[PDB]
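Remarks on the structure that follows.
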Amino acid sequence: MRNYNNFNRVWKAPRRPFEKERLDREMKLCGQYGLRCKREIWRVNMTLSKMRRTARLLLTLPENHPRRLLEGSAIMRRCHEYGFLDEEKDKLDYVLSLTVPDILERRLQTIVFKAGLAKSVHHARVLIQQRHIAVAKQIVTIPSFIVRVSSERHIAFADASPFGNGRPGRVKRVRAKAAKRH
Amino acid sequence: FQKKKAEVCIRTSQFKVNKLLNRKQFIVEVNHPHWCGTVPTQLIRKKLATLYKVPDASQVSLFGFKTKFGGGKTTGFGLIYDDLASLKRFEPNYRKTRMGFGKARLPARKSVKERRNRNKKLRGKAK
Amino acid sequence: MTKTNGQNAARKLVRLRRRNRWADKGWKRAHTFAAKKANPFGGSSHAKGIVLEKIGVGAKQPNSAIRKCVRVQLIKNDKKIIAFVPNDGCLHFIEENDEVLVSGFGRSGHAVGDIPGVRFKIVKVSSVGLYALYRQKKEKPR
Amino acid sequence: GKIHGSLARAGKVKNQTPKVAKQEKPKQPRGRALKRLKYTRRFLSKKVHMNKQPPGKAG
RNA sequence: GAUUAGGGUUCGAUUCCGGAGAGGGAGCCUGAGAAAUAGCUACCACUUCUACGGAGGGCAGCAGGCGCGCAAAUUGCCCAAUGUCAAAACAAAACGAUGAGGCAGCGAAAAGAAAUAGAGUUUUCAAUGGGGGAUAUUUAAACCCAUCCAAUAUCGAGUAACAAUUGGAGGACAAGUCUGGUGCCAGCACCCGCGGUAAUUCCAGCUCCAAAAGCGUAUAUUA
Ligand SMILES: NC[C@@H]1O[C@H](O[C@H]2[C@@H](O)[C@H](O[C@@H]3[C@@H](O)[C@H](N)C[C@H](N)[C@H]3O[C@H]3O[C@H](CO)[C@@H](O)[C@H](O)[C@H]3N)O[C@@H]2CO)[C@H](N)[C@@H](O)[C@@H]1O
Ligand SMILES: [Mg+2]
Ligand SMILES: [Mg+2]
Ligand SMILES: [Mg+2]
Ligand SMILES: [Mg+2]
Ligand SMILES: [Mg+2]
Ligand SMILES: [Mg+2]
């Protein structure tokens, strides 16, 4: 009862659950990025909505204000750090132009497809969740892992994975047992 | 993949000499690639004994480890005392019992609660 | 011709609004106690009751059927009400002297369309769910 | 008479429904692979009628 | 706290602070502090043991029990941590007490993360969980998670049967002029409306749509 650990909600369901324009865009986003459900889109809506709302508050504030120099250089920093904005985009008006496919390109499911470690985007989500990709010699099993810019150089196969330098996986190993009893 | 005997290397991060309580306290991280399972605390105890040159390998105290996700390494807290007689003095009973030497467990507390309520009625030498 | 300004006219505006909120049938129902003392459920939902008798309530024009519904007497306050039994069949799952779990249906106690004067609904009979008996997920005890 | 329905006629149509059984039909993929199956048919395999029915007695 | 452009409209028994109460109502003693209730005295309402002389009760403490209801868990393990008390550091024949408080069992209140497959030329190749288990690790002790199937030497997917559901398909509102049945009947339908022998609406089969380890419904309440 006396537990003060915090928790909040990360996604929000849309108003108007049957919009034929919206339902067609989100089925493209579930196909082009290999997503499980519409809720994984909807947290990328709320992630980007909160960036689009704070950056629109800071432009109400003048320049050489304390809450715009601090904390406006923080939101441009995390866009440059996670690959949301390339380094030319530094004016804070580019956060207001970010889209949901700009955030979905930074998921570990997408880079493992774009770096070339997997044939399809549904090949990438299997290999993450089946413990094959290490970001910095750290096995990451989360597909919604947002990859930073500095982490792109070091994505490879895991050192414990059978595809890397680890022991052979199940279908070879249970076949290597069946050839052993004979 | 190339098969080799699984090697444990051991590292101490933030070290501190505690002149109070007569000990050296630190956190110790163990890297164990190609290992099968988790490294036992007893095997970390002898390898941390050689790295600090302690005269008796059982005066090292190593409690709770947390294996890192993905494998490859653990990290826990470490304690090395100046004396083994100082170990039996300042360690808790539960870490002593995990090292073998320690006091055997008391009777279950529900029993000593009921007997003490029965003695609240009595007065003489009976209780 | 409507309202008053004036920088010191707030007591007039506070009194003016508190009387005109009583004309709001949502504000007046949320702030008077005839709302719950006459509600057959005690200002709550899903009240239990005992089935007394089966009624066939004929539908309103332009429809024409008879709606299969039971009259139940609630346990929490002993109020007799008539409640509808939803689905094809389903008075075959209700006998007299059965405990039934009765919710409202729809419109906050305002008699969903065809059925005249019935504003409650059977949810669960003999502590097993009535829609589970229809789809034959499970069957009645005893 | 005035009323043509009775409480005795309860469950008339559901009793005389002819009771067809469902067929075998191997399972569809679940979860992320079912969204892959939705996407490939409505986009990659080219008004757009999502459930076009074969011609019946209306023409 | 919920919702909110702005102005607001609501909820706050509930973890922190304060106030009040210990079955109702009094009155006290002792103490630095009580009008104390795991203190006392009395009455009222219930109430337990009796060898009939008498003697006791107070769970709005923690587990539980019966009722009451639409509606809420274990008569669990422990002081290891957080603290409190105190004649009191720990250790040595030689472990202070703690239903405070932790810990675990139940637990779809509500929240995070996430499987139910991938890849290729009918036909194969790789995967790794769910799950079984340890030299062990966690833990006060277990549990969980984490790590692991040799380090000389560790089990395992194919219908991967290890099988996704809940509500819909006239309109709003996304998705059938399909087939069978019934014939203002049975039922559906929040609202508009369906059903009167060719039912886009009922009962079903198929096929689709929506959200998905969730999804209906009811009553409050904000937009
Ligand atoms: N007339 C009866 C109506 O029923 C409602 O009752 C409930 C439902 O009918 C309704 O459920 C709706 C569902 O119909 C609709 N198809 C989609 C919507 N997401 C659901 O909403 C519900 O489910 C979501 C889960 O995503 C919950 O997060 C959400 O809080 C909850 N309201 O949400 C309500 C919560 O149980 C209203 N309570 C009631 O005031 C209203 O009058
Ligand atoms: Mg592995
Ligand atoms: Mg308080
Ligand atoms: Mg009285
Ligand atoms: Mg209790
Ligand atoms: Mg027809
Ligand atoms: Mg149908």
Side-chain angles (χ1 to χ4, degrees), chain C residues 24-26 28-30 32-36 38-142, chain D residues 1 3-20 56-58:
Chain C
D24 187 74
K25 291 173 70 174
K28 184 174 175 65
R29 189 177 297 275
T32 59
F33 292 92
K36 294 185 265 75
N39 191 2
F41 298 172
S44 68
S45 178
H46 292 94
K48 287 180 181 178
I50 299 296
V51 172
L52 294 171
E53 188 176 0
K54 294 181 180 180
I55 302 301
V57 170
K60 292 173 70 172
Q61 292 298 107
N63 297 115
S64 177
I66 61 97
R67 294 282 181 261
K68 274 75 173 176
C69 66
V70 295
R71 19 196 314 275
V72 305
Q73 186 178 5
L74 299 176
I75 296 170
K76 66 188 289 184
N77 55 6
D78 289 334
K79 289 181 181 178
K80 297 182 185 293
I81 59 171
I82 296 170
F84 177 69
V85 182
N87 283 119
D88 196 355
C90 293
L91 291 182
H92 297 168
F93 296 103
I94 297 171
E95 296 292 326
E96 285 81 3
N97 295 113
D98 283 332
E99 61 185 2
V100 292
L101 191 282
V102 177
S103 69
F105 71 127
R107 300 178 67 244
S108 298
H110 278 166
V112 168
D114 200 3
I115 309 168
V118 175
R119 60 182 181 177
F120 302 107
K121 180 176 88 275
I122 304 297
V123 173
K124 187 177 179 180
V125 55
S126 295
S127 178
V128 63
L130 188 278
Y131 182 71
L133 298 177
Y134 176 75
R135 301 297 300 160
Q136 293 179 357
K137 299 296 192 294
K138 59 181 74 175
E139 67 272 16
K140 285 175 68 68
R142 292 172 62 251
Chain D
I3 57 98
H4 297 166
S6 181
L7 296 172
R9 289 181 176 90
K12 185 175 75 66
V13 169
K14 189 173 172 62
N15 290 330
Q16 63 192 353
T17 295
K19 196 69 176 176
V20 180
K57 296 189 285 181

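Letters A, B, ... mirror the listed sequences (proteins, then strands); counts begin at 1. The basis for the numbers below is simple: all heavy atoms, side chains too, and nothing from hydrogens, waters or symmetry mates.
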Quiz item: In terms of heavy-atom contacts, does CG of C/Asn97 have more than 12 from other residues, nucleotides or ligands at under 6.0 Å?
Solution: no
Exercise. List for me each residue that meets side-chain contact (heavy atoms from CB on, under 4.5 Å) alongside C/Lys76, sequence neighbours excluded, and say none if there are none.
Key: C/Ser44, C/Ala47
Practice problem: Kindly write out the residues that satisfy side-chain contact (heavy atoms from CB on, under 4.5 Å) with D/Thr17, not counting sequence neighbours, or none if the list is empty. | Solution: D/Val13
Scan [range] for pairs that pass salt bridge (charged side-chain N to carboxylate O under 4.0 Å, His left out), counting only residues two or more places apart or in two chains.
| range | answer |
| --- | --- |
| residues 46-56 of chain C | C/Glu53-C/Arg71 |
| residues 130-142 of chain C | none |
| residues 102-118 of chain C | C/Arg67-C/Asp114 |

Quiz item: Which atoms form the tightest heavy-atom contact between C/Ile122 and C/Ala83, and what is the distance?
Solution: CD1-CB, 4.0 Å
Quiz prompt | Shortest non-hydrogen separation from C/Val128 to C/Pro141 and the atoms involved | solution = CG1-CD, 3.8 Å
Quiz item: What residue pairs, at least two apart or across chains, pass ring-ring contact (aromatic ring centres under 6.0 Å, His included) with a residue in residues 74-94 of chain C?
Solution: none
Self-check item: Sequence neighbours excluded, every pair satisfying ring-ring contact (aromatic ring centres under 6.0 Å, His included) that has a member inside residues 109-142 of chain C
Solution: C/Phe41-C/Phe120
Please round to the nearest 0.5 Å and tell me the distance separating atom [atom1] of [X] and atom [atom2] of [Y].
| X | Y | atom1 | atom2 | answer |
| --- | --- | --- | --- | --- |
| D/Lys14 | C/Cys90 | NZ | SG | 9.0 Å |
| C/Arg119 | C/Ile82 | CZ | CD1 | 11.0 Å |
| C/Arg29 | C/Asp24 | CZ | CG | 11.0 Å |

Exercise. Just do the side chain to side chain contact (heavy atoms under 4.5 Å, CB included) check on C/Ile81 and C/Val72 with the steps written out, would you?
Key: CA-CA 6 Å; C/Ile81 59 171; C/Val72 305; 3.7 Å; yes
Self-check item: Counterpart residues, side-chain hydrogen bond (donor to acceptor under 3.5 Å, both in side chains), relative to C/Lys80 (two or more places apart)
Solution: C/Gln73
When the side chains of residues 98-106 of chain C are checked against the rest of the protein, which donor-acceptor pairs come out under 3.5 Å, sequence neighbours left out?
{"unit_1": "C/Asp98", "atom_1": "OD2", "unit_2": "C/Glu95", "atom_2": "N", "d": "2.7"}
{"unit_1": "C/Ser103", "atom_1": "OG", "unit_2": "C/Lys121", "atom_2": "NZ", "d": "3.0"}

Quiz item: Stepwise, does the side chain to side chain contact (heavy atoms under 4.5 Å, CB included) test hold for C/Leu52 with C/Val70?
Solution: CA-CA 7 Å; C/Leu52 294 171; C/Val70 295; over 6 Å; no
Quiz item: So, do C/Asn77 and C/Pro40 sit near enough that their side-chain heavy atoms are less than 4.5 Å apart?
Solution: no
